[PDB]
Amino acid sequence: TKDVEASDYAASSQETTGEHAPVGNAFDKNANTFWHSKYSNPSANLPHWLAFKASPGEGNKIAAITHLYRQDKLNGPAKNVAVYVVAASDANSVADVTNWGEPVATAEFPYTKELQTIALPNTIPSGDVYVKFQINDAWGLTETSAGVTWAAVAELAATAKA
C-alpha cells in the first residue's frame, strides 16, 4: 500500500486555546503533533470528525484509512469509529459536502496508541473522493473507566493499492 495525497482538511472543531492542536496537525506526517477536538469552553461534544480530499490518481480507488493516536500519553483514545466516502464530483469542496451517506466502514479500536488500519470495501467510488473519519465514542482515562468526551488524532491518511 502507498500513501494517498490528502488536501482540503476540515474538522468538526479544533482546540487552539488550551494548546495548539489545529486540524492541519493530523495531516503533517509528524507523529509528535496532533489535532484535538475543542475542549476549552464552550467545548464540543461527541461525535467528532475529520474530513479531507483523497486523490489516488485516475483509475485508482483508496484501499484503507490509517489512524495514529497522540503519542505522548494515553488520554482516552477513540473507541467506536466510522468512515464515510463520497465521490469528489458530488461537491465543490470538503466544506460543501452535506450528505455523507451510510458509513462504508466501522471499527472498534482497542485501547492503544499504536497505528490502526481500517480496510475499505472495494465497492466505494474510484478516483478522487472526500473522506470523513468520525469518532463516535472513546476509551476512558483508563481502559476500564467511563469514556471521555473529546478526541485527538496525530496522523490520519488514506492508502491505495500500490
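Note that residue numbering follows the sequence shown and begins at 1.
### Message
Highest mean C-alpha temperature factor of the two stretches 85-93 and 67-75, which is it?
### Response
On average, C-alpha B-factors are higher across 85-93.
### Query
Averaged over C-alpha atoms, is the B-factor higher for 112-120 or for 99-107 in this PDB entry?
Averaging CA B-factors over each stretch, the winner is 99-107.
### Task
Name the one of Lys132, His48, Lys61, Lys38 with the greatest CA B-factor according to the PDB entry.
In this record, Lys61 carries the highest C-alpha B-factor of the candidates.
### Top Cα B factor in the deposited entry, candidates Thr144, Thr16, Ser13, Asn25
Top of the list by C-alpha B-factor: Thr144.
### Task
Using the B-factor values recorded in the entry, state whether the Cα atom of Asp8 falls in the lowest, middle or highest third among the modelled residues of its chain.
As the PDB entry reports it, the C-alpha B-factor of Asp8 lands in the middle third of its chain.
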